[PDB]
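**Student:**
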Amino acid sequence: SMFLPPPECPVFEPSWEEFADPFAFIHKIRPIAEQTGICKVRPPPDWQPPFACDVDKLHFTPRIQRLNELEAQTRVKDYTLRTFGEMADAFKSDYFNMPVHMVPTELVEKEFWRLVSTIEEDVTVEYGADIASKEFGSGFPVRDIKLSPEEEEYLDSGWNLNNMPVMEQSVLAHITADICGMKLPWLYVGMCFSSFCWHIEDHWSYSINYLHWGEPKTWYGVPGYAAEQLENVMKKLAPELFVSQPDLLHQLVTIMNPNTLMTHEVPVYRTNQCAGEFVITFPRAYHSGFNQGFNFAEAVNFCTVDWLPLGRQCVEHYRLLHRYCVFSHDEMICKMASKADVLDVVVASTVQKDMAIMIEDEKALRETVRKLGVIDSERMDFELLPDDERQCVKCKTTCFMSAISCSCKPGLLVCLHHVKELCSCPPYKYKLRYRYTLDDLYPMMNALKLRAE
Ligand SMILES: O=C(O)CC[C@@H](O)C(=O)O
Ligand SMILES: [Cl-]
Ligand SMILES: [Mn+2]
Ligand SMILES: [Mn+2]
Ligand SMILES: [Zn+2]
Ligand SMILES: [Zn+2]
Numbered sequence: 024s025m026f027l028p029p030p031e032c033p034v035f036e037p038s039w040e041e042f043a044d045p046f047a048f049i050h051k052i053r054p055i056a057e058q059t060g061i062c063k064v065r066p067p068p069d070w071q072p073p074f075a076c077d078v079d080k081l082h083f084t085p086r087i088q089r090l091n092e093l094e095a096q097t098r099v100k376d377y378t379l380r381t382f383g384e385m386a387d388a389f390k391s392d393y394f395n396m397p398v399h400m401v402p403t404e405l406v407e408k409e410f411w412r413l414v415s416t417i418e419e420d421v422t423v424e425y426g427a428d429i430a431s432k433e434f435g436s437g438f439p440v441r442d445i446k447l448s449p450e451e452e453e454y455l456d457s458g459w460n461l462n463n464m465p466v467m468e469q470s471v472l473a474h475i476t477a478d479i480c481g482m483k484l485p486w487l488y489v490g491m492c493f494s495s496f497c498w499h500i501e502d503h504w505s506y507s508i509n510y511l512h513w514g515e516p517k518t519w520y521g522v523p524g525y526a527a528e529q530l531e532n533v534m535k536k537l538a539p540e541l542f543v544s545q546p547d548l549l550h551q552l553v554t555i556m557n558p559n560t561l562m563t564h565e566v567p568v569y570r571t572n573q574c575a576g577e578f579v580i581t582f583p584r585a586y587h588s589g590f591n592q593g594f595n596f597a598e599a600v601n602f603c604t605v606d607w608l609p610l611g612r613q614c615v616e617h618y619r620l621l622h623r624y625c626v627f628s629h630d631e632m633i634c635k636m637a638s639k640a641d642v643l644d645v646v647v648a649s650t651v652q653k654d655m656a657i658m659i660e661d662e663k664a665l666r667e668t669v670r671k672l673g674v675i676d677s678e679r680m681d682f683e684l685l686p687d688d689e690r691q692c693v694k695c696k697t698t699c700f701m702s703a704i705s706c707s708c709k710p711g712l713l714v715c716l717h718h719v720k721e722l723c724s725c726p727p728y729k730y731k732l733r734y735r736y737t738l739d740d741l742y743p744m745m746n747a748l749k750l751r752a753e
């Protein structure tokens, strides 16, 4: 009883009919899978996207990783695929003194949790993690070169992870702001023990991960409802990770044994994802894991209509924590409203409900700041400002609906929750900067209603 493996997460094997629409399928399994945080999806047996690449022309800059439980790592920050693969196979082979396909997955798991907890061991490994570029592209077929019929079959698949974030049931689709770190797929070259620390996705989005080829990836996941339980356990064991961070490039994360969570009554599930299988993580579902050997995976974030209310809650949670946003949720909502006529109807219906809450909150906030003595106001096109020029001084939220400025501190803004935090001038010197009047906003919401019918 060194390591007691968590119970297995749900595994789905959709029929071709079920599989034909990824968003319908994800909606269908949600009641089950949101209880476990992660789930595994095996596509129909003949869904087999062709993979092809020259192992000598693909190069990438590896990240180095120390394997110590509870030690701080930063979430985001030269080999060819062949030379990495050679290093990776030799590492595993020498570590166990065995051929690679002979090392049992149970053993690699048990040994991982041993080595990260033992101070005397100092194993370091390497891995790749980068968004698709011309130097290293998607593992799925994309359009340009002369493609074979096989590749053409998979070009428009919903499960082709390049398409997932442009589909009609997707919400993150119409965002015009630059969120490239979030809407483009990431490519991951793994090796034995290379690991991803406990985290949730930005803005509590979904993620979906496809293992193109190689040895399995071992996952642990925690359902969304238990996120704060996990954070409380982790805060007690590693408070350093929870100090305020200067930006998004300084997110601190760590390796932590799932048995520790289970001891503290945090529900945790596991799975081994093999080549050709999907793993899906649900909103605010903590997950971590490690690779069993040399492999190649591809993952992307996405947001469904189910996620919309959670996205709003997330930004509220970021504000309470003074965490930076990747994008403005309200700006996304208003962009969609301005495109109501071309929106999918269920999407239009869900956006309308979120917009109604947005407007009612904004109404109350503006009444409050008026009572504080802010009188002067001027329209402002917040979406034109670079993000770093429209973050609240206090809580760092990305402003869009409104903010307060003072001629006293040129360029500085606070959101309407932090009117007292801008400067020492009396509020009558302040200006309310707003994107829309309430009277602009109600017709926008009405367009959505008409589209939703
Ligand atoms: O985070 C990683 O490094 C692996 C990707 C995983 O977190 C995912 O959400 O697909
Ligand atoms: Cl160690
Ligand atoms: Mn993730
Ligand atoms: Mn505060
Ligand atoms: Zn603020
Ligand atoms: Zn001032």
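Read in order, the letters of the sequence shown are residues 24 to 100, 376 to 442, 445 to 753 in PDB author numbering. For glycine and all other residues, C-beta sits at the position ideal for the given N, C-alpha and C.
Can you give me the Cβ contacts of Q652 inside the same chain, cut-off strictly under 7 Å, excluding the 5 residues immediately before and after it?
**Tutor:** Position 352 of the sequence shown, counted from the first residue, corresponds to residue 652. Answer for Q652: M745, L748, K749 and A752, listed in chain order.
**Student:** What I want to know is whether the C-beta of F496 ends up closer than 8 Å to one or more non-hydrogen atoms of ligand 1.
**Tutor:** Taking the sequence shown and counting its residues from 1, the one referred to as residue 496 is at position 196. Correct: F496 has its Cβ closer than 8 Å to ligand 1.
**Student:** How would the residue list near ligand 6 read, in chain order, if you kept each one whose beta-carbon is closer than 5 Å to any heavy atom?
**Tutor:** Those residues are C706, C708, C723 and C725, given in chain order.
**Student:** Can you check whether the CB of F35 is closer than 9 Å to the CB of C76?
**Tutor:** In the sequence shown, residue 76 corresponds to position 53, counting from 1. In the sequence shown, residue 35 corresponds to position 12, counting from 1. No, these two residues do not count as a Cβ contact at 9 Å.
**Student:** Work out the CA separation of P567 and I417 for me, nearest whole Å.
**Tutor:** In the sequence shown, counting from the first residue as 1, residue 417 sits at position 119. In the sequence shown, counting from the first residue as 1, residue 567 sits at position 267. C-alpha separation (whole angstroms): 27 Å.
**Student:** Given 8 Å as the limit, tell me if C695 has its C-beta closer than that to any heavy atom belonging to ligand 4.
**Tutor:** To locate residue 695, count along the sequence shown from 1; it is residue 395. Because some heavy atom of ligand 4 lies under 8 Å away, the Cβ of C695 counts as near it: yes.
**Student:** Pick helix, strand or coil for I479, following the three-state DSSP scheme.
**Tutor:** Along the sequence shown, one-based indexing puts residue 479 at 179. Of the three classes helix, strand and coil, the one that applies to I479 here is coil, per DSSP.
**Student:** Quick check: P439 and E501, are their CB atoms within less than 9 Å of each other?
**Tutor:** To locate residue 439, count along the sequence shown from 1; it is residue 141. To locate residue 501, count along the sequence shown from 1; it is residue 201. Their beta carbons are not under 9 Å apart, which means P439 does not touch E501 by this criterion.
**Student:** Quick check: is any heavy atom of ligand 3 less than 8 Å from the C-beta of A648?
**Tutor:** If you number the sequence shown from 1, residue 648 lands on position 348. No; taking the cut-off as 8 Å, the Cβ of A648 has no heavy atom of ligand 3 nearer than that.
**Student:** Taking all protein chains shown into account, do 16 or more other C-beta atoms lie within 10 angstroms of the C-beta of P743, making it buried, or fewer, making it exposed?
**Tutor:** Translated into positions along the sequence shown, residue 743 becomes position 443. Exposed.
**Student:** I need the straight-line Cα distance from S24 to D687, nearest angstrom please.
**Tutor:** In the sequence shown, residue 24 corresponds to position 1, counting from 1. In the sequence shown, residue 687 corresponds to position 387, counting from 1. Roughly 50 Å between the two C-alpha positions.
**Student:** Extract the residue ranges of the beta strand (DSSP E) inside the stretch 684-721, only unbroken runs of 3 or more that lie entirely within it.
**Tutor:** DSSP runs (the beta strand (DSSP E)) wholly in the stretch 684-721: 702-706.
**Student:** Taking the straight line between their C-alpha atoms, what separation do you get for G673 and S707?
**Tutor:** Along the sequence shown, read from residue 1 onward, the residue named residue 673 stands at position 373. Along the sequence shown, read from residue 1 onward, the residue named residue 707 stands at position 407. Taking the straight line from one Cα to the other gives about 16 Å.
**Student:** Using a Cβ-Cβ cut-off of 7 Å (strictly less than) and excluding sequence neighbours within five positions of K696, which residues of its own chain qualify?
**Tutor:** As a first step, residue 696 is located in the sequence shown; it is residue number 396 there, counting from the start. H622, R623 and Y624, listed in sequence order.
**Student:** Suppose contacts are defined by Cβ-Cβ distances below 9 Å. Is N559 in contact with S494 by that definition?
**Tutor:** For the purposes of this step, residue 559 is taken as the residue at position 259 of the sequence shown. For the purposes of this step, residue 494 is taken as the residue at position 194 of the sequence shown. No.
**Student:** Mark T563 as exposed unless 16 or more other C-beta atoms lie within 10 angstroms of its C-beta, in which case mark it buried.
**Tutor:** Taking the sequence shown and counting its residues from 1, one reaches residue 563 at position 263. Exposed: under 16 other Cβ atoms inside 10 Å.
**Student:** At which residues does the alpha helix (DSSP H) containing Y618 begin and terminate?
**Tutor:** As a working mapping, residue 618 is identified with position 318 in the sequence shown. Counting along the chain, the alpha helix (DSSP H) containing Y618 begins and ends at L608 to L621.
**Student:** What does DSSP give as the partner residue(s) for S588 in the beta ladder?
**Tutor:** Taking the first residue of the sequence shown as position 1, residue 588 is located at position 288. Note: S588 sits in a beta bridge opposite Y520.
**Student:** How far does the beta strand (DSSP E) with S507 in it reach, from first residue to last?
**Tutor:** Here residue 507 is taken as the residue at index 207 of the sequence shown, counted from 1. Per DSSP, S507 belongs to the beta strand (DSSP E) from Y506 to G514.
**Student:** Closest to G521 by CA distance: which of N572, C492 and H82 is it?
**Tutor:** Here residue 521 corresponds to residue number 221 of the sequence shown, with the count starting at 1. It is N572 whose Cα lies nearest to the Cα of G521.
**Student:** Assign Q71 to one of three DSSP states: helix, strand, or coil.
**Tutor:** Within the sequence shown, numbered from 1, the residue matching residue 71 stands at position 48. Of the three classes helix, strand and coil, the one that applies to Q71 here is coil, per DSSP.
**Student:** Under the criterion of a Cβ to heavy atom distance below 8 Å, does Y586 qualify as lining ligand 1?
**Tutor:** If you number the sequence shown from 1, residue 586 lands on position 286. No; taking the cut-off as 8 Å, the Cβ of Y586 has no heavy atom of ligand 1 nearer than that.
**Student:** I need the boundaries of the beta strand (DSSP E) containing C76, first residue and last residue.
**Tutor:** The residue you call residue 76 lines up with position 53 of the sequence shown. Here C76 belongs to no beta strand (DSSP E), and DSSP marks it neither H nor E.
**Student:** Does DSSP put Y728 in a helix, in a strand, or in coil?
**Tutor:** Along the sequence shown, one-based indexing puts residue 728 at 428. In the structure shown, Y728 sits in a helix (DSSP, three-state: H, G or I).
**Student:** Have a look at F26 and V414 and give me their C-alpha separation to the nearest angstrom.
**Tutor:** Taking the sequence shown and counting its residues from 1, one reaches residue 26 at position 3. Taking the sequence shown and counting its residues from 1, one reaches residue 414 at position 116. Between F26 and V414, the C-alpha separation is close to 12 Å.
**Student:** Can you look up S649 in the DSSP assignment and give me helix, strand or coil?
**Tutor:** Taking the first residue of the sequence shown as 1, we reach residue 649 at position 349. Looking at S649 - three-state DSSP - the assignment turns out to be helix.
**Student:** From this set, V647, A599, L484 and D661, which residue's C-alpha is nearest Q613's C-alpha?
**Tutor:** Residue mapping note: residue 613 aligns to position 313 of the sequence shown, counting from 1. Nearest C-alpha to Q613: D661.
**Student:** Starting from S415, trace the alpha helix (DSSP H) both ways and give me its first and last residue.
**Tutor:** Residue mapping note: residue 415 aligns to position 117 of the sequence shown, counting from 1. That run of the alpha helix (DSSP H) goes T403 to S415.
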